[PDB]
Amino acid sequence: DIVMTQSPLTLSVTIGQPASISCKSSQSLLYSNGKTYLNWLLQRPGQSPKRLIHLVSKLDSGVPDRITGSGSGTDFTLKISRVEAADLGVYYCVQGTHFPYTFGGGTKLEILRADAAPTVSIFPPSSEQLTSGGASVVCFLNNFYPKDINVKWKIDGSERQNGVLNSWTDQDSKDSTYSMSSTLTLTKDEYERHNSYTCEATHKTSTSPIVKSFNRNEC
Amino acid sequence: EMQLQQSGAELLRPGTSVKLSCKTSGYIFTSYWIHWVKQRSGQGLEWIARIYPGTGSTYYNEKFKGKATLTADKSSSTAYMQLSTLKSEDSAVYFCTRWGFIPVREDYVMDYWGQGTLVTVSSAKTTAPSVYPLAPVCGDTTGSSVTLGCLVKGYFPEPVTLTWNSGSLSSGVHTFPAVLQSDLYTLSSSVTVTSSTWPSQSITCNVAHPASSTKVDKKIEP
Ligand SMILES: O=[N+]([O-])c1ccc(O)cc1
Ligand SMILES: [Zn+2]
Ligand SMILES: [Zn+2]
Ligand SMILES: [Zn+2]
Ligand SMILES: [Zn+2]
Ligand SMILES: [Zn+2]
Ligand SMILES: [Zn+2]
Ligand SMILES: [Zn+2]
């Protein structure tokens with residue numbers, strides 16, 4: 001089958017700047033009728049894919065002409081002349097010249113923006129949960145940029161690496177930021193045996209760890 | 001207006017089969033090819049097969065012969081794809097699409113896609129989630145604004161539906177992707193409001209887990 005190689009794997013561009021994606025094929029995509037069936041698709045977060053270009057450079061109806069496609073043979077390029085917020089997502093090249101049809105691996109386009117320090121929130125176990133014999137301590141690290149961040153949990157001054165569950169959101173199309181959730185789960189008995197619970201983050205926006213904690217006690 | 005409506009998420013046992021449906025409207029069903037595409041783990045797309053409903057003619061990607069069987073019902077304008085003897089690699093999201101290529105004109109018409117059907121191949125059992133309200137203490141963000149949370153855990157399989165104030169509250173909410181651990185998923189969502197709103201007016205977390213017929217509303221009390 002034809003192998004389609006896309007580069008780069010990800011690109012970070014500031015709104016207003018140009019961006020271009022490359023797609024290389026293992027066989028020439030020139031069909032015997034002289035036509036080249038190379039398409040470009042965009043799959044926005046949580047959406048189905050959508051065709052942007054067909055026949056190498058022809059734009060589908062309703063697609064902004066800021067988008068341009070070019071190439072022939074085994075080399076093709078998609079170029080966005082001016083990046084906008086709505087351009088966030090994954091771009092794929094697909095060939096229909098040889099059977100079976102094959103797709104490239106995709107290129108994720110992320111909007112490069114100003115650094116943003118996380119807004120951190122920490123939540124102790126709810127009464128309902130404690131009742132069931134479990135205890136989860138949740139920490140939300142909201143709206144930060146860049147995406148690269150490191151969070152560690154500490155109980156009474158010692159790092160706890162077991163029982164941690166982390167989840168991240170994709171880039172927000174409203175402000176180009178990322179958010180992440182970290183949950184530490186313990187038994188109710190162990191929870192009620194410690195004092196301090198600390199959510200500690202490492203991020204570019206600070207030379208020292210970003211900290212949020214609480215002391216569980218009684219009264 | 002063209003519309004391709006796909007069937008709901010499926011949890012399938014290893015070795016069994018499923019029939020997915022793609023109901024179309026807004027165009028002459030018998031005049032265009034319907035293609036089926038598979039997406040695994042995220043950015044990993046594959047072309048499966050295509051069918052021309054008008055005649056029932058089909059073509060398959062060799063990899064999928066014997067795995068997928070496409071049919072179409074002209075009377076209801078519905079395309080189906082049956083997947084047989086499911087195994088690990090079959091867990092994925094499947095899309096149907098009216099690709100829009102017109103051979104005679106050697107040109108295209110707009111592509112319309114279904115929303116996708118998620119298939120989970122597992123023998124693990126269905127479990128309803130526990131929903132816990134997360135009221136601040138330190139996660140108060142002081143005054144100005146405050147963030148509340150909702151923790152959904154111990155459920156199987158995906159998906160779960162989580163909203164705030166029955167959909168009314170959609171701004172400042174962050175719903176995190178569920179993470180699988182020990183055969184059970186965990187999901188959480190945060191909502192940031194002004195100090196002036198909460199606890200003054202009530203904020204409620206709404207959760208639904210279709211697979212187990214669970215629907216629960218949790219109120220964030222202080
Ligand atoms: O994704 N699709 O439905 C496709 C992709 C490429 C192609 O040539 C035909 C159909
Ligand atoms: Zn060929
Ligand atoms: Zn050939
Ligand atoms: Zn200790
Ligand atoms: Zn000690
Ligand atoms: Zn301790
Ligand atoms: Zn101690
Ligand atoms: Zn055209």
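All chains are named by letter (A, B, ...) in the order of the sequence lines, taking the proteins before the strands, and each is independently numbered beginning at 1. These numbers come from the heavy atoms of this one structure, side chains and all, not from hydrogens, waters or symmetry mates.
- Remark: B:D90 engages B:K67 in a salt bridge, criterion side-chain N to carboxylate O under 4.0 Å.
- With a 4.5 Å cut-off on side-chain heavy atoms, A:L78 and A:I67 count as touching.
- Within a 6.0 Å radius of CD in B:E62, no more than 12 heavy atoms belonging to other residues, nucleotides or ligands are found.
- Between B:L83 and B:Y94 there is a side-chain heavy-atom pair separated by less than 4.5 Å.
- Contact annotation: the side chain of B:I48 never approaches that of B:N61 to less than 4.5 Å [non-hydrogen atoms, C-beta and beyond].
- No hydrogens or angles considered: nothing links the side chains of B:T214 and B:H209 as a donor-acceptor pair under 3.5 Å.
- Applying side chain to side chain donor-acceptor pair (under 3.5 Å) to B:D217 and the options B:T204, B:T163, B:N206 leaves one that passes, B:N206.
- A cation-pi arrangement is present between B:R50 and B:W33 under the rule of less than 6.0 angstrom and at most 45 degrees off the ring axis.
- B:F101 and A:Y37 have perpendicular rings, their planes meeting at more than 60° on a 0 to 90° scale where under 30° would count as parallel.
- In this structure, a donor-acceptor pair under 3.5 Å is absent between the side chains of B:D73 and B:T78.
- A donor-acceptor contact closer than 3.5 angstrom is absent between the side chains of B:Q181 and B:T186.
- A:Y101 and B:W99 have their aromatic ring centers separated by at least 6.0 angstrom.
- Heavy atoms of other residues, nucleotides or ligands lying less than 6.0 angstrom from CZ of A:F99 number more than 12.
- Annotation for A:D65: atom CG does not count as buried by contact number, only 12 or fewer foreign heavy atoms lying within 6.0 Å.
- Checked by atom type and distance alone, the side chain of A:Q161 never pairs as donor or acceptor with a backbone atom of A:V164 at under 3.5 Å.
- Using modelled atom types and a 3.5 Å distance limit, the side chains of B:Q43 and A:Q43 yield no donor-acceptor pair.
- Without hydrogens or angle criteria, A:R113 side chain to A:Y145 main chain gives no donor-acceptor distance under 3.5 Å.
- Using a 3.5 Å distance cut-off with no hydrogens or angles, the side chains of A:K108 and A:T10 do not pair a donor with an acceptor.
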>> Would A:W168 and A:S179 count as a side-chain hydrogen bond (donor to acceptor under 3.5 Å, both in side chains) here? Give the steps.
In response: CA-CA 6 Å; A:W168 297 259; A:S179 290; over 6 Å; no
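- Using a distance-only test at 3.5 Å, with no hydrogens or angles considered, a donor-acceptor pair links the side chain of A:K152 to the main chain of A:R160.
- Checking side-chain atoms of B:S91 against main-chain N and O of B:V121 turns up a donor-acceptor pair under 3.5 Å.
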>> What verdict does the salt bridge (charged side-chain N to carboxylate O under 4.0 Å, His left out) test give for B:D107 and A:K58, after you've listed the backbone C-alpha separation in whole Å, the side-chain angles of each residue and the deciding distance to 0.1 Å?
In response: CA-CA 10 Å; B:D107 205 358; A:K58 280 64 191 70; over 6 Å; no
> For A:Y178 and A:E110, what are the C-alpha separation, side-chain angles and deciding distance, and is it a side-chain hydrogen bond (donor to acceptor under 3.5 Å, both in side chains)?
Replying inline: CA-CA 11 Å; A:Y178 294 98; A:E110 80 123 89; 2.9 Å; yes
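- Evaluation of the ring pair (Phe, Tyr, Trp, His ring centres under 6.0 Å) rule for A:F123 yields A:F140 as partners, not counting sequence neighbours.
- Counting heavy atoms of neighbouring residues, nucleotides and ligands inside a 6.0 Å radius, atom NZ of B:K63 does not exceed 12 of them.
- The side-chain tip of B:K19 points at the ring of B:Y80 from less than 6.0 angstrom away and within 45° of straight on.
- Annotation: side chain of A:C139 is in contact with side chain of A:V120 (closest heavy-atom distance under 4.5 Å).
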> Between A:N142 and A:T119, does a side-chain hydrogen bond (donor to acceptor under 3.5 Å, both in side chains) hold up when you go through it step by step?
Replying inline: CA-CA 5 Å; A:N142 285 321; A:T119 293; over 6 Å; no
>> Under the criterion salt bridge (charged side-chain N to carboxylate O under 4.0 Å, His left out), I'd like the reasoning laid out for A:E84 against A:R82: C-alpha separation, chi angles, the key distance, then a yes or no.
In response: CA-CA 6 Å; A:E84 317 267 62; A:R82 241 198 313 118; 3.0 Å; yes
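- A donor and an acceptor atom, one from each side chain of A:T185 and B:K153, are located under 3.5 Å apart.
- A donor-acceptor contact shorter than 3.5 Å links the side chain of B:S7 to the backbone of B:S21.
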> After noting the C-alpha distance and the side-chain angles of A:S121 and B:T147, does the key distance pass the side-chain hydrogen bond (donor to acceptor under 3.5 Å, both in side chains) rule?
Replying inline: CA-CA 7 Å; A:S121 302; B:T147 74; 3.0 Å; yes
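- No side-chain donor-acceptor contact under 3.5 Å links A:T77 and A:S70.
- For the residue pair B:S189 / B:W164, a side-chain donor-acceptor distance below 3.5 Å is found, with atom types taken as modelled.
- Taking the six-membered ring for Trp, B:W47 and B:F95 have ring centres at least 6.0 Å apart.
- Shown here are the side chain to side chain contact (heavy atoms under 4.5 Å, CB included) partners of A:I2, two or more places apart in sequence or in another chain: A:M4, A:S25, A:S26, A:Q27, A:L29, A:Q95, A:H98, A:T102.
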> After noting the C-alpha distance and the side-chain angles of B:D111 and B:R98, does the key distance pass the salt bridge (charged side-chain N to carboxylate O under 4.0 Å, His left out) rule?
Replying inline: CA-CA 6 Å; B:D111 52 316; B:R98 183 202 73 173; over 6 Å; no
